[PDB]
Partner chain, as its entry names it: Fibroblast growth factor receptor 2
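In structure tokens, the next block holds one chain alone, the form deposited without the partner chain.
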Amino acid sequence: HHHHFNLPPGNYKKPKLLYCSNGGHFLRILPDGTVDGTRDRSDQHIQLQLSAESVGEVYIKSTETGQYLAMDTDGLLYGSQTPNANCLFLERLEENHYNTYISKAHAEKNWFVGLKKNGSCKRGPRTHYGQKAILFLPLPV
């Protein structure tokens, strides 16, 4: 409706790491609810289980802590104990290869999940199509 519908080839059977090519960081949801990225592959908070809602919609959950990736009304990512409406993302194929995630609650504003080269999360309004920050590649755990 507000966005294209090219979907990635993967499935949600197994947990995945979401690797961001921008800076080479794995998306991480820390125990205290902070979200960032780390290059440390042995990190216990980068293992994520994705699950579907409607076709093309996913929840992103830390297998270690059970927290769901969520976006607040100012566009900031955080870890939520429960899977509310702001935990749903529109997962799409991008540049015919990568995966991108747009906040469903804020989809009309094009607020993406994105990581800066320094490993910190980008605020929703500062993301947009064409950035490397929004490009992820799911990898086996």
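Positions refer to the first chain, counted from 1.
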**Prompt:** Mean C-alpha B factor from the entry: is it higher for 96-104 or for 35-43?
**Reply:** 35-43
**Item:** B-factor third for the C-alpha atom of residue 84 within its chain
**Value:** lowest
**Asked** Would the CA B-factor of residue 54 place it in the lowest, middle or highest third of its chain?
**Response** highest
**Item:** Chain-wide C-alpha B factor ranking for residue 67, given as lowest, middle or highest third
**Value:** middle
**Prompt:** Based on the entry's values, in what third of the chain does the Cα temperature factor of residue 7 lie: lowest, middle or highest?
**Reply:** middle
**Third of chain Cα B-factors occupied by residue 109** = highest
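One more form of this protein, solved in complex with the partner chain, exists but is not displayed; see below.
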**Request:** Would you kindly say which of 70, 113, 27, 50 lies with a heavy atom within 4.5 Å of the partner chain in the deposited bound form?
**Result:** 50
**Item:** residue 107: touches the partner chain in the deposited bound form, heavy atom cutoff 4.5 angstroms
**Value:** no
**Message:** Is residue 103 part of the interface with the partner chain in the deposited bound form - any heavy atom within 4.5 Å?
**Reply:** no
**Message:** Taking the partner chain as it sits in the deposited bound form, is residue 78 near enough to touch it, meaning that at least one heavy atom pair lies within 4.5 angstroms?
**Reply:** no
